[PDB]
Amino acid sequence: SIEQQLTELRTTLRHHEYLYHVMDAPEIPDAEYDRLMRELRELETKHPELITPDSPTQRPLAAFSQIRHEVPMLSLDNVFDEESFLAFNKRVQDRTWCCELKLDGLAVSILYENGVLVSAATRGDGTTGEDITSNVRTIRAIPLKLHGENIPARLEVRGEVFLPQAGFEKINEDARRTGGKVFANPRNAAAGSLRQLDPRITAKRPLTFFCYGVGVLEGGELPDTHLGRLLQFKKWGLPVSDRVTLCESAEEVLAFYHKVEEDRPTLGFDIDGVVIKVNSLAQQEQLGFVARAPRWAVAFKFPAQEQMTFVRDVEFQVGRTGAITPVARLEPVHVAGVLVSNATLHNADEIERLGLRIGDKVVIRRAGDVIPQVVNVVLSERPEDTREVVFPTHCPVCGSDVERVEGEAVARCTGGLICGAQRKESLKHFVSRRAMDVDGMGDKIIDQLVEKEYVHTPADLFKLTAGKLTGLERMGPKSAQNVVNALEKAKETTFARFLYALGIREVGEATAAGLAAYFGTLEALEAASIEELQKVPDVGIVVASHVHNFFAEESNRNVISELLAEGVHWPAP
């Protein structure tokens, strides 16, 4: 019953608050609480007459919980120049543009139920995000209540939370006065603001919001035009950029891009491109989505700001597949709002292309306004003393022979199971967000688990007890029990995540999804010949043979039978 449903929710919420007052605790540390507050708002908005004056929603810091988005929040593929846009355009035609500023903030999804704001979440991994409702409620530009006609029963508004330049500078002024923490740039400051435990701190940071999209939608009368939906949003009280434009050709899109580039300094806030999307919702549904991103939109980026620094060293790091990746250690320099000290160098071939020597002066940028990249050596400034970058012929960790197969770029450690670096990075991978998802298990504790020889394969993680853990460096009684707990909860996975977690060569997230959908179960998968494997969409000789060799080797079957015995499971399909 719904009367029964409300009291049950209200009673546990007031239990939590009473436990909190009585322990004079610094916060309700249980994620249950923010979740139950969400469940109770939903139910109460759904039955507005049954709301009581002293209901917990009518009003204690609480730990952040999570929100699943049935409609994924994905990424945008990038284009960096006019010719790449044209190739985007042709790809669309071959399978009207609404043109928008790409606000530099973070993505937030806000669920209104019957027009009443009920939750807000971050993107997370696309499916599951952080519940940040309490922080979002504080944002002046986001209404608690929609107003107007044909408001849908359920409307999930997607948008960008950002901090304008005057608000960023305001907060840094406050920090400088009161000896507080000074922020590096508006993008990373906006993300931080939204993750405060304490909504009252978020409230003093002048975050604003612009809508760009819809998630779930049930009821209402929205048009089939995306701009049309953005104008409806605005009729309902939601903030929408004054700059959303319709373009009828690729040439008009290019003029929009150049005009926004020219006007960038006058906007009052930061942006990192424009977003170009298929305006028609029915043309968007026909174009669909790749694993990572829609086929009907790109981000068209502006050129990234460059700076000069010099390379102090080049180190070679060992990956889980044995890959040896060079990394430049740079003299720290500021670039577009952040301190850059490192950049990948990809491979031996790239180093040769740059003709990079240790000591060289280099041009550096944040690729796509994010990730350090080395552009080129400045040869005319090369110092009298520089040193040759020698690629490792022996694994810097375990000592084994490095092998590079004829005509391929990547050089590997041949140590396999004896390599500690490989051991460590296979576990970091096993445990990662998109695989087994074990909270708390990062590089340091994995580094010790392996160094101390406590874990040899993944099933060993499930045997660790809190006592075994407490004794480690930077571990203790509470963090030990948190890890045993996380490991317990992570046993319930999915067939795809499990396949992904094993680190079969060439089998990453999308290919694991693929084998899982096709084979249904692990025994089918295990019994496949190289030939039935090649039937799976996007599985070819190379993937077939890795999948086959892997399941063929008893060690690998035992890893799995062991993880199965430690209690790892997923739903029968």
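Note that residue numbering follows the sequence shown and begins at 1.
Indicate whether the chain is continuous between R95 and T96 or, if not, how many deposited residues are absent from the coordinates: none, 1 to 3, 4 to 9, or 10 or more. The entry has a gap there, with 4 to 9 residues left out between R95 and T96.
Are any deposited residues left out of the model between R59 and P60, and how many (none, 1 to 3, 4 to 9, 10 or more)? Some 4 to 9 residues are missing between them.
Higher mean Cα B-factor in the deposited model: 67-75 or 375-383? Looking at the recorded C-alpha B-factors, 67-75 comes out higher on average.
395-403 versus 126-134 - which carries the larger mean C-alpha B factor in the record: Taking the mean C-alpha B-factor of 395-403 and of 126-134, the larger value falls to 395-403.
Residue with highest C-alpha B-factor in the PDB entry, from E100, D81, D272, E352: That would be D81.
Lowest, middle or highest third: which one holds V314 when the chain's residues are ordered by CA B-factor from the entry? Lowest third.
Give the position of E262 by CA B-factor within its chain, expressed as the lowest, middle or highest third. Highest third of the chain for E262's C-alpha B-factor.
Sorting the chain's CA B-factors, does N89 end up in the lowest, middle or highest third? Ranked within chain, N89 CA B lands in the highest tercile.
Taking the C-alpha B-factors as the PDB entry records them, is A203 in the lowest, middle or highest third of its chain? CA B-factor rank for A203: lowest third.
Position of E218 among the chain's modelled residues by C-alpha B-factor, lowest, middle or highest third: Tercile = middle for this residue's CA B-factor.
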